[PDB]
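K.L.:
The structure's right below; bear with me while I get my questions together.
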Protein chains: 12
Amino acid sequence: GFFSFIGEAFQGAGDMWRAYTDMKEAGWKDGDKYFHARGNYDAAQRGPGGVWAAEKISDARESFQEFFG
Amino acid sequence: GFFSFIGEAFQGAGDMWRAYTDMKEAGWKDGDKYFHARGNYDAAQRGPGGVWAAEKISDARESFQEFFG
Amino acid sequence: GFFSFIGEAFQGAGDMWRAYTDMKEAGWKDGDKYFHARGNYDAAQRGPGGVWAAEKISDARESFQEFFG
Amino acid sequence: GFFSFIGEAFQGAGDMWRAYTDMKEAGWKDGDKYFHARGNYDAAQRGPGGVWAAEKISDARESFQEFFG
Amino acid sequence: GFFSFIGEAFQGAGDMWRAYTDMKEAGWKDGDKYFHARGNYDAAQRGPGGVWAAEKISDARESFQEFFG
Amino acid sequence: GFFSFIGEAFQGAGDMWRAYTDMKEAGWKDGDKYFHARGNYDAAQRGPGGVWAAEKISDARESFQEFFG
Amino acid sequence: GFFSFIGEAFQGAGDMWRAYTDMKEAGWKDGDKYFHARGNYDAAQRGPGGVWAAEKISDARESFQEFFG
Amino acid sequence: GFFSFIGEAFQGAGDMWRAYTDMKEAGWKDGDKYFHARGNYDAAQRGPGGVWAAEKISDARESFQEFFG
Amino acid sequence: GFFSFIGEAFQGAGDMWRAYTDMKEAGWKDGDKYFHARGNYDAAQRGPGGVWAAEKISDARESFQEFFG
Amino acid sequence: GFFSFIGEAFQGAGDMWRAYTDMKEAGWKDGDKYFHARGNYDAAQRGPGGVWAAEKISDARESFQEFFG
Amino acid sequence: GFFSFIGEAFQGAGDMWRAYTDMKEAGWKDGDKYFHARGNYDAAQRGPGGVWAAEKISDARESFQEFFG
Amino acid sequence: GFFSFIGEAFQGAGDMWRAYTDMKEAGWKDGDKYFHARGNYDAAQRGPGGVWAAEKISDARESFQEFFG
């Protein structure tokens with residue numbers, strides 16, 4: 001079992017990035033979730049970059065290189 | 001079992017990025033979710049970049065290279 | 001069992017980054033979650049960078065290199 | 001069982017970064033969570049950097065290098 | 001069982017960075033959590049840096065190097 | 001059982017960095033938690049640095065090096 | 001510089017399997033060489049087998065297999 | 001510089017399997033070499049087998065296998 | 001400089017398996033060499049087997065296997 | 001400088017398996033060498049086996065295996 | 001400088017297995033060498049076995065295994 | 001400087017297994033060497049076994065194993 005959450009440069013209001021594994025006889029309730037935004041400037045901004053999602057990376061030679069100038 | 005969530009440069013209101021695995025006799029309730037936006041400037045912005053989603057990457061030689069100038 | 005949460009440069013209001021594993025005969029309640037933003041400047045900002053999510057990285061030779069200039 | 005939470009450069013209001021493992025006959029309640037922001041300047045800001053999430057890293061030779069100039 | 005919480009450069013209001021393991025016949029209640037911010041300057045700021053989350057790192061030779069200039 | 005909490009450069013209001021292990025027939029209540037901030041300058045600030053979270057690091061030769069200039 | 005001599009199942013009389021490299025201002029003399037054979041039985045005999053002479057063998061997968069029954 | 005001599009199952013009389021490298025201002029003399037054989041039985045005999053002569057063998061997976069039955 | 005001599009199951013009379021390196025202002029003499037054989041039985045005999053002569057063998061996985069039945 | 005001599009199951013008469021390195025202003029003489037054999041039985045006999053001659057063997061995993069039945 | 005001589009199961013008469021290094025202004029003489037054999041039985045016999053001659057063996061995992069049954 | 005001589009299960013007559021290093025202004029004489037054998041039984045016999053000649057053996061894990069049954 002592999003669980004990997006990556007969260008970056010965001011504005012949230014609730015109930016995020018959750019992992020529920022292997023429950024038995026459970027029960028739950030969540031409530032209302034409000035996002036209210038007025039007059040903001042430069043919210044939720046991210047620079048460059050690549051996103052790799054792999055399971056096995058075998059024998060990688062001179063690979064996975066990112067250059068920023 | 002492989003679970004990989006990547007979230008970046010966003011504005012949300014609720015109930016995101018969840019992984020529910022291997023439940024038995026469960027039960028749940030979620031509520032209303034409101035997004036209200038007025039008069040914003042430059043929200044949810046992302047720069048360049050590539051997105052790789054693989055399962056196996058074998059013997060990668062001089063590969064997976066991104067250059068930014 | 002592998003659980004890895006990485007959270008970075010964000011504004012939240014509640015109920016984030018949770019991992020519930022291996023529960024039996026449980027029960028829970030969560031409440032309302034409000035995000036209210038007015039007149040902000042430069043909220044939730046992130047610089048460059050790459051995101052790798054792998055399970056096995058075997059024999060990586062001269063790999064996984066990021067240069068910033 | 002592996003649990004790794006990394007949280008960085010954020011503004012929160014409640015109920016974050018929790019790990020609940022191996023409970024039996026439990027029960028719990030959480031309350032309302034409010035985020036109220038007005039007139040701020042430069043909140044939740046992060047510099048550059050890469051995020052690696054792996055389970056096994058075997059025989060890594062001259063790898064995992066980040067340069068900042 | 002491995003539990004590692006790292007928290008850095010943040011502003012919180014409550015109920016963070018908790019690990020509940022191996023409970024039986026429990027029960028608990030938490031209260032309301034308010035974040036109120038006005039007129040701040042340079043809150044929740046982080047410099048550069050990389051984030052590695054692994055379980056096993058075997059035979060790493062000349063690896064895991066970060067240079068800052 | 002391994003439990004490691006590292007907290008650094010933050011402003012909190014309550015109920016943080018807790019580890020509850022191996023309880024039987026327990027019960028508890030927590031109260032309201034308020035964060036109120038006005039007119040501050042340079043709160044919750046962190047310099048550079050990398051974050052490694054591993055379980056086993058075997059045979060690391062000339063590794064895990066960070067240089068600051 | 002690569003020099004590989006393999007000699008097998010033979011009858012010789014002299015001056016075999018020599019490698020002279022990188023000489024300067026040299027000089028040499030060899031003598032007479034006589035092979036005299038009478039009435040022999042089953043001299044210089046070899047069983048089956050393949051002869052590979054390569055310089056580079058890269059990425060050979062399930063190759064170079066000889067079966068004898 | 002690589003020099004590899006393998007000699008097997010032979011009858012010789014003289015001056016075999018020599019490697020002369022990197023000589024300056026030398027000089028030498030060798031004599032007569034006689035092989036005289038009469039009435040022998042089963043001289044210089046070799047069983048099965050393969051002969052590989054390579055310089056580089058890279059990444060050989062499930063290769064170079066000889067079976068004798 | 002690499003020098004490897006392997007000699008096996010032989011009958012010789014003289015001046016074998018020599019390596020002369022890095023000589024300056026030398027001089028030498030060798031004499032006569034006689035092999036005389038009469039009426040022998042089963043001289044210079046070798047069983048099965050493979051002969052590998054390589055310089056570099058890199059990353060050999062489940063390779064170089066010989067089975068005798 | 002590497003010098004490896006392996007000699008096995010042989011009948012010799014003289015001047016074998018020698019390594020002369022790094023001589024200056026030398027001089028030498030060797031004499032006659034006689035091999036005389038009559039009426040022998042089962043001389044110079046070797047069983048099975050493989051001969052590997054390499055310079056570098058890197059990262060050999062489950063390799064170089066010989067089975068005798 | 002590496003010098004390794006291995007000699008096994010042989011019949012010799014003289015001047016074997018010698019290593020002369022780093023001589024200056026030398027001089028030497030050797031004499032006659034006679035091998036005389038009559039009527040012998042089972043001389044110079046060797047059982048099974050492999051011969052490895054390497055210079056570097058790095059990171060050998062579950063390798064170099066010989067089984068005799 | 002490394003010098004390793006291993007000699008096993010042999011019949012010799014003279015001048016074997018010598019190492020002469022680092023001589024200056026020397027001089028020597030050796031005499032005749034006779035091997036005379038008649039009517040012997042089971043001379044110079046060796047059982048099974050492998051011969052490894054390496055210079056560096058680094059990080060050998062579960063390697064170099066010989067089983068005799």
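Residues are referred to by chain and number: the chain letter is A, B, ... according to the order shown in the structure tokens, the number counts from 1 in that chain, and ligands are numbered separately from 1 in the order shown.
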Need to verify the contact set: residue H:53, 9 Å, only C-alpha atoms, exclusion of same-chain residues closer than 6 positions in sequence. Can you return it as JSON, numbers by chain?

P.N.:
{"G": [4, 5, 6, 51, 52, 53, 54, 55], "I": [51, 52, 53, 54]}

K.L.:
So which residues of chain G fall under strand (DSSP E) by DSSP, listed as a PyMOL selection string?

P.N.:
chain G and resi 2-8+19-21+28-29+33-38+45-46+51-53+56-58+65-68

K.L.:
For those residues, write N, CA and C atoms to a file as a PDB file, in the first residue's frame.

P.N.:
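Final file, selection29.pdb:
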ATOM      1  N   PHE G   2      43.803  -4.541 -25.473  1.00  0.00           N
ATOM      2  CA  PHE G   2      43.191  -5.789 -25.047  1.00  0.00           C
ATOM      3  C   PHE G   2      43.892  -6.937 -25.752  1.00  0.00           C
ATOM      4  N   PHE G   3      44.335  -7.932 -24.989  1.00  0.00           N
ATOM      5  CA  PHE G   3      45.029  -9.087 -25.543  1.00  0.00           C
ATOM      6  C   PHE G   3      44.515 -10.328 -24.844  1.00  0.00           C
ATOM      7  N   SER G   4      43.898 -11.230 -25.596  1.00  0.00           N
ATOM      8  CA  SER G   4      43.297 -12.421 -25.007  1.00  0.00           C
ATOM      9  C   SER G   4      43.666 -13.631 -25.845  1.00  0.00           C
ATOM     10  N   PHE G   5      44.444 -14.542 -25.275  1.00  0.00           N
ATOM     11  CA  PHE G   5      44.855 -15.756 -25.965  1.00  0.00           C
ATOM     12  C   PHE G   5      44.199 -16.936 -25.268  1.00  0.00           C
ATOM     13  N   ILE G   6      43.515 -17.784 -26.025  1.00  0.00           N
ATOM     14  CA  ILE G   6      42.925 -19.002 -25.482  1.00  0.00           C
ATOM     15  C   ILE G   6      43.399 -20.172 -26.325  1.00  0.00           C
ATOM     16  N   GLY G   7      44.079 -21.112 -25.703  1.00  0.00           N
ATOM     17  CA  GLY G   7      44.602 -22.266 -26.410  1.00  0.00           C
ATOM     18  C   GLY G   7      44.194 -23.557 -25.744  1.00  0.00           C
ATOM     19  N   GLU G   8      43.793 -24.518 -26.563  1.00  0.00           N
ATOM     20  CA  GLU G   8      43.045 -25.623 -25.994  1.00  0.00           C
ATOM     21  C   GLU G   8      43.225 -26.869 -26.843  1.00  0.00           C
ATOM     22  N   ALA G  19      52.723 -12.366 -27.117  1.00  0.00           N
ATOM     23  CA  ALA G  19      52.273 -10.996 -27.331  1.00  0.00           C
ATOM     24  C   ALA G  19      53.421 -10.053 -27.021  1.00  0.00           C
ATOM     25  N   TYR G  20      53.928  -9.369 -28.038  1.00  0.00           N
ATOM     26  CA  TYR G  20      55.019  -8.417 -27.864  1.00  0.00           C
ATOM     27  C   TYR G  20      54.473  -7.022 -28.135  1.00  0.00           C
ATOM     28  N   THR G  21      54.429  -6.184 -27.106  1.00  0.00           N
ATOM     29  CA  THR G  21      53.924  -4.829 -27.248  1.00  0.00           C
ATOM     30  C   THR G  21      54.975  -3.827 -26.801  1.00  0.00           C
ATOM     31  N   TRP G  28      66.009  -9.984 -31.623  1.00  0.00           N
ATOM     32  CA  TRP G  28      65.979 -11.342 -31.096  1.00  0.00           C
ATOM     33  C   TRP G  28      66.048 -12.409 -32.176  1.00  0.00           C
ATOM     34  N   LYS G  29      66.445 -13.592 -31.721  1.00  0.00           N
ATOM     35  CA  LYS G  29      66.645 -14.738 -32.593  1.00  0.00           C
ATOM     36  C   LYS G  29      65.945 -15.957 -32.015  1.00  0.00           C
ATOM     37  N   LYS G  33      62.458 -25.567 -35.096  1.00  0.00           N
ATOM     38  CA  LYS G  33      61.371 -26.183 -34.346  1.00  0.00           C
ATOM     39  C   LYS G  33      60.865 -27.413 -35.077  1.00  0.00           C
ATOM     40  N   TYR G  34      60.982 -28.569 -34.425  1.00  0.00           N
ATOM     41  CA  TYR G  34      60.696 -29.854 -35.054  1.00  0.00           C
ATOM     42  C   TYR G  34      59.500 -30.499 -34.377  1.00  0.00           C
ATOM     43  N   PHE G  35      58.564 -30.994 -35.181  1.00  0.00           N
ATOM     44  CA  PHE G  35      57.470 -31.827 -34.709  1.00  0.00           C
ATOM     45  C   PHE G  35      57.625 -33.175 -35.384  1.00  0.00           C
ATOM     46  N   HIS G  36      57.758 -34.234 -34.594  1.00  0.00           N
ATOM     47  CA  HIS G  36      57.939 -35.576 -35.126  1.00  0.00           C
ATOM     48  C   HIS G  36      56.950 -36.496 -34.434  1.00  0.00           C
ATOM     49  N   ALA G  37      56.039 -37.082 -35.204  1.00  0.00           N
ATOM     50  CA  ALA G  37      54.988 -37.905 -34.628  1.00  0.00           C
ATOM     51  C   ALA G  37      54.869 -39.214 -35.386  1.00  0.00           C
ATOM     52  N   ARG G  38      54.864 -40.323 -34.650  1.00  0.00           N
ATOM     53  CA  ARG G  38      54.678 -41.622 -35.280  1.00  0.00           C
ATOM     54  C   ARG G  38      53.746 -42.484 -34.446  1.00  0.00           C
ATOM     55  N   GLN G  45      42.245 -33.641 -29.679  1.00  0.00           N
ATOM     56  CA  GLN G  45      40.814 -33.818 -29.880  1.00  0.00           C
ATOM     57  C   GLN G  45      39.999 -32.924 -28.959  1.00  0.00           C
ATOM     58  N   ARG G  46      38.932 -32.359 -29.518  1.00  0.00           N
ATOM     59  CA  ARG G  46      38.102 -31.379 -28.834  1.00  0.00           C
ATOM     60  C   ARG G  46      36.638 -31.751 -28.997  1.00  0.00           C
ATOM     61  N   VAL G  51      32.290 -20.509 -30.252  1.00  0.00           N
ATOM     62  CA  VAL G  51      33.351 -19.540 -30.024  1.00  0.00           C
ATOM     63  C   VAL G  51      32.806 -18.158 -30.342  1.00  0.00           C
ATOM     64  N   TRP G  52      32.630 -17.333 -29.317  1.00  0.00           N
ATOM     65  CA  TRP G  52      32.231 -15.943 -29.480  1.00  0.00           C
ATOM     66  C   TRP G  52      33.431 -15.037 -29.276  1.00  0.00           C
ATOM     67  N   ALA G  53      33.653 -14.129 -30.216  1.00  0.00           N
ATOM     68  CA  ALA G  53      34.686 -13.110 -30.076  1.00  0.00           C
ATOM     69  C   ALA G  53      34.037 -11.763 -30.359  1.00  0.00           C
ATOM     70  N   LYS G  56      32.208  -5.364 -27.537  1.00  0.00           N
ATOM     71  CA  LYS G  56      31.191  -4.897 -26.610  1.00  0.00           C
ATOM     72  C   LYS G  56      29.972  -5.789 -26.733  1.00  0.00           C
ATOM     73  N   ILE G  57      29.443  -6.223 -25.602  1.00  0.00           N
ATOM     74  CA  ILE G  57      28.168  -6.916 -25.549  1.00  0.00           C
ATOM     75  C   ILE G  57      27.316  -6.132 -24.567  1.00  0.00           C
ATOM     76  N   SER G  58      26.364  -5.370 -25.086  1.00  0.00           N
ATOM     77  CA  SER G  58      25.553  -4.474 -24.280  1.00  0.00           C
ATOM     78  C   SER G  58      24.137  -5.008 -24.194  1.00  0.00           C
ATOM     79  N   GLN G  65      23.421 -18.631 -24.897  1.00  0.00           N
ATOM     80  CA  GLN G  65      23.030 -19.837 -24.193  1.00  0.00           C
ATOM     81  C   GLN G  65      23.377 -21.043 -25.041  1.00  0.00           C
ATOM     82  N   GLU G  66      24.097 -21.983 -24.451  1.00  0.00           N
ATOM     83  CA  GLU G  66      24.370 -23.215 -25.163  1.00  0.00           C
ATOM     84  C   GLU G  66      23.944 -24.394 -24.310  1.00  0.00           C
ATOM     85  N   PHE G  67      23.207 -25.307 -24.929  1.00  0.00           N
ATOM     86  CA  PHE G  67      22.668 -26.469 -24.240  1.00  0.00           C
ATOM     87  C   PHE G  67      23.324 -27.710 -24.816  1.00  0.00           C
ATOM     88  N   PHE G  68      23.731 -28.624 -23.948  1.00  0.00           N
ATOM     89  CA  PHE G  68      24.329 -29.879 -24.363  1.00  0.00           C
ATOM     90  C   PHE G  68      23.471 -31.010 -23.828  1.00  0.00           C
TER      91      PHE G  68
END
